[PDB]
């Protein structure tokens, strides 16, 4: 068709859609301001909106509104610790609905004092020397919770915040700080263990077989997941597979699944020998559902 004419009509349509958008926004403003929706023209709606915004009023949201949105989205509590000693510099009130602990228990504490001892080492690895993401077990007999932490390393002190002379923070002199959020949270698979039974390699198909993620098994002994009436049989199988190197030993036992159910599993086990010194590197296991 005529190029000039279709350009003209497209432009007219664009302007008409712009006008319609403007009037729709005017109607939204009339719906949003106080006594407009209790009808007026465009100018009065605009003046009343101007007055209402003058009443209401840089960031689009206040700090508390942003915090509210984040917490409503995915819970969590903010903690700022020092990377030197783990000293808890700040902790929000959200630690109470998350860990069932008052703010006082964390203030004057250190991050290592609030999580499981077996994780302390790991936390050091996460605190030595931008983004950080890890999983630990925090306190609340003592009871622990798996807590996922996502945060970042920030130069201390922070900008904008005043640090008075008589403040407890005035003498610490920390250079870096971790600012993070903590939140509550028939196939087969192969695995490699040490001669004592500790999961040192876990196939990803574990999820489809026992319901665990690989990280939930690595480091733990396989006997911890086995039924007590089969624990000694499994331990004897692991003991004898070491003595008969290269030989394959099969053992059937009950495995505690993710739902804490009992799954009957057949485990084939043999040893991997160093091709120079013939020493056992690890035990290869194929664990199959039955």
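Residue numbers count along the first chain shown, from 1.
Peer 1: Please establish whether a third or more of the other compared PDB entries omit coordinates for residue 37.
Peer 2: In at least a third of the comparable entries (those modelling both sides of it), residue 37 has no coordinates.
Peer 1: With residue 218 and residue 219 adjacent in the shown sequence, let me know how many deposited residues between them lack coordinates: none, 1 to 3, 4 to 9, or 10 or more.
Peer 2: Nothing is missing.
Peer 1: Missing residues between residue 185 and residue 186 in the deposited sequence, please: none, 1 to 3, 4 to 9, or 10 or more.
Peer 2: Count of unmodelled residues in between: 10 or more.
Peer 1: Using only C-alpha atoms and the B-factors in the entry, which stretch averages higher, 259 to 267 or 63 to 71?
Peer 2: Between 259 to 267 and 63 to 71, it is 259 to 267.
Peer 1: Which is higher on mean Cα B factor in this entry, 209 to 217 or 173 to 181?
Peer 2: Between 209 to 217 and 173 to 181, it is 209 to 217 that shows the higher mean C-alpha B-factor.
Peer 1: Looking at 121, 203, 93, 167, which has the biggest Cα B factor in the entry?
Peer 2: Most elevated C-alpha B-factor of the set, per the entry: 121.
Peer 1: Tell me, please, which of 251, 32, 244, 26 has the highest C-alpha B factor according to the deposited entry?
Peer 2: The C-alpha B-factor peaks, among 251, 32, 244, 26, at 244.
Peer 1: Going by what the PDB entry lists, where does residue 115 fall on CA B-factor within its chain: lowest, middle or highest third?
Peer 2: Highest third - that is where residue 115 ends up once the chain's C-alpha B-factors are sorted.
Peer 1: For residue 274, return the chain-relative third of its C-alpha B-factor as stated in the PDB record: lowest, middle or highest.
Peer 2: Tercile = lowest for this residue's CA B-factor.
Peer 1: Rank-wise, by C-alpha B-factor, drop residue 157 into the lowest, middle or highest third of its chain.
Peer 2: Lowest third, going by the recorded CA B-factors of the chain.
Peer 1: When the deposited Cα B-factors of this chain's modelled residues are ordered and cut into thirds, is residue 142 in the lowest, the middle or the highest one?
Peer 2: It belongs to the highest third of the chain when residues are ordered by C-alpha B-factor.
Peer 1: Thinking about Cα B factors across the chain, which third does residue 85 belong to?
Peer 2: It belongs to the middle third of the chain when residues are ordered by C-alpha B-factor.
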